[PDB]
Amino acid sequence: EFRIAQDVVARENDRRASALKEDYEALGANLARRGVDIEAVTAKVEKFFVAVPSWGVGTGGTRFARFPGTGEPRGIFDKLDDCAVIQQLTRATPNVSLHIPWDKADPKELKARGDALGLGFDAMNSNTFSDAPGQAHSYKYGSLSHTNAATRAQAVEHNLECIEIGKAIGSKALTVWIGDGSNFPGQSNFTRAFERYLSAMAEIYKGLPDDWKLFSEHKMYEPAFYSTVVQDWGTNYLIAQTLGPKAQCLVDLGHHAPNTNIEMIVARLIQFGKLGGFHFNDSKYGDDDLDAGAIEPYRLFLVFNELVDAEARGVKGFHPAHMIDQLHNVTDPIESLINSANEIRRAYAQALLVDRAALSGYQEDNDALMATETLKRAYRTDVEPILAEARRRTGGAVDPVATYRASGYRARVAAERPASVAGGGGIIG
């Protein structure tokens, strides 16, 4: 089935085909002059996939308020349908990341719907940072590292349930992000809390299938405002190393202290074989969860420069999981996810253009200016023609958002789904 009429896609592609041919041919000639085969780049670009977050498909909100748009998805099934659109138009998002219990539903049905939509499932995400109705033990003071044994046991059991759901739909990994921490000095004993967390994660690891990976995600702060158990990549490395070969670290771009050199963290985790994957998004102040590359596109390019360098250096067994983790508070979620996926492919494409041999020479000779200019020559290259052609060749849209709007999809689901009501956030009752 096609969420977007194929005739609309065809029409909107033909409308822009001429210009694209001109832009692609021009870029091809320029790249050829630079000793690069544009065809080889396009080939790799059409193979780069990033998973879309189920929680980013509906309108997001802050602790102050939520302003839903029209046709908000009612649940996971509506979210999958909307994800199908993103994949149909960008062809870069074949897999969806589920979050439990937000996406709780019959696994068999989820798989059925996914297969029918041409969508797969990436890493499962557990939720022990919030309480569900009827929950026996509250996670107010923590979960996997809570002082109460019964509470830690409950959190561990929930994670095992996520794994069971994942095994039924085809997922091969579990991502664990918890809010565990403290808001006041002395509230928690840093070491004992970490010990409790490590012991609980060990139980999860014990129940982890041997064809699965366990990703732990660090975050400097929020919901905890004084200390956080898994606060940075250093603690994260200790966790992954301690748990086992199947445990790795997940890097969410917005979870670092101000001015942190994140691409270096990426390089370090790769060197020690603990880079499990990414949660892509952009930010300017905190964990803003904004559209990838919308704030600092060069940083995104520099992260991908480390990933490509890894391949260039000959690193093996390196297949990090790529996922988008964003919240869309003031835009049409589908459009933002479409362009964010595009931006990630944009950074990847530019990273592929780096003349590795030239860069290597300038680094060895300590020619800092030419070294940086070598990266800039790749980053300054407008690879949109490549991104658009990759989409066109694989069944997608030359201009995804334009086609999305021309299809009238949003108004369509707005009529099929109940209206929404704006409200406040979690700051007060």
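Residue numbers run from 1 along the displayed sequence.
Please compare 202-210 with 247-255 and name the stretch with the higher mean C-alpha B-factor in the deposited structure.
Here the higher of the two C-alpha B-factor means belongs to 202-210.
Out of 79-87 and 230-238, which one has CA B-factors that are higher on average in the deposited record?
Averaging CA B-factors over each stretch, the winner is 79-87.
Whose CA atom has the top B-factor in the entry, of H146, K111, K219, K284?
Result of the comparison over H146, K111, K219, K284: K111.
Could you check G276, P185, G293, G134 and tell me which one carries the biggest Cα B-factor in the deposited entry?
Each of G276, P185, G293, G134 was compared by C-alpha B-factor; the highest is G134.
Just say lowest, middle or highest third for the CA B-factor of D382 relative to the other modelled residues in its chain.
Middle third of the chain for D382's C-alpha B-factor.
By the record's CA B-factor, is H328 among the lowest, middle or highest third of residues in the chain?
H328: CA B-factor falls in the lowest third of its chain.
Divide the modelled residues of the chain into thirds by Cα B-factor and specify which third, lowest, middle or highest, holds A43.
Answer is highest: the recorded C-alpha B-factor places it there.
Lowest, middle or highest third - CA B-factor, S171:
Tercile = highest for this residue's CA B-factor.
Should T403 be placed in the lowest, middle or highest third of its chain by the C-alpha B factor in the entry?
Answer is middle: the recorded C-alpha B-factor places it there.
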